[PDB]
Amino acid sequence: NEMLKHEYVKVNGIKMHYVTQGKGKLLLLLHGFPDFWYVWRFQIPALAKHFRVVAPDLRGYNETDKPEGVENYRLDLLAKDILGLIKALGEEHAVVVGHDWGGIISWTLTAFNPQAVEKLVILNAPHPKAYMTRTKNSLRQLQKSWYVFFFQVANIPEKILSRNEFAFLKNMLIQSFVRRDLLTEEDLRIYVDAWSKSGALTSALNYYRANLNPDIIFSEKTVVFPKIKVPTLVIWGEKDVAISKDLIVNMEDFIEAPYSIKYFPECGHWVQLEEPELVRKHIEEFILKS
């Protein structure tokens, strides 16, 4: 866009890059792996027609700072980055939309800090308690999560993912799309630029090492996780090659607030790229509802 603006702001001891367009109610769009703000390229101008849209690069990604060490990527710290971002942007609360890791962070932010979240929207991101409790008993989820186990190993995943101009990552994306030409060559050049930022791949992989290591996946005991107390919308592409439907059933046990789920039976993990207008529509309607 011409109206899209790049900004950097200090939050939670790190500098965060974001793009923004629009005025009004603050709406955050939070990417996951192996994306960055640009995954929201279709939604930013559309949502910016009625809202102040901010799409940051999460800790470790693209133009945001990249602290060294696995411990710097624990979910508690990632959610504190977003809490800090809302404060730094001059709001008491935001509408928070998260996909993939951005959605895991959003569930966490909303649970522990409901005062900062006006409404929560989740795209293809399991609730932490659901993944922690259920994965060990879902052979289909364990199989879909093969690469989570691969990413635990030091050094090798960085090497394999980066080889031949990130051929693996390009493939991972393509294999996940429900039409396999969903990204253009222009998109891919922009993705490679973000992937090639010094330290970005290791930092992204550290999310898996910090938060989805085998102790967490195969924990004998359930975790304590506060109920969600804000209205919540889940958008769920059912042909997700990374997440089994086993993990999104029954979110209401975790939510003490209005809850709605919109299934997209013929979309996969990148629902916002596959049905960009329907996704935008559902978001706008849910936010304008009250």
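Start at 1 and count along the sequence shown; that's the residue number.
Higher mean CA B-factor, judged across 147-155 and 215-223 from the recorded values: 215-223. Between the stretches 82-90 and 181-189, it is 181-189 that shows the larger average CA temperature factor. In this entry, the residue among 203, 162, 106, 124 with the greatest C-alpha B factor is 162. Annotation for residue 47: C-alpha temperature factor in the middle third relative to the rest of the modelled chain, per the entry.
Per the PDB record, residue ranking by Cα B-factor puts residue 166 in the highest third of the chain. For residue 16, the recorded CA B-factor ranks within the lowest third of the chain. Only modelled residues enter the ranking. Placement of the Cα temperature factor of residue 241 within the chain: highest third of the modelled residues, per the deposited record.
Residue 262: CA B factor lies in the highest third for its chain, per the PDB record.
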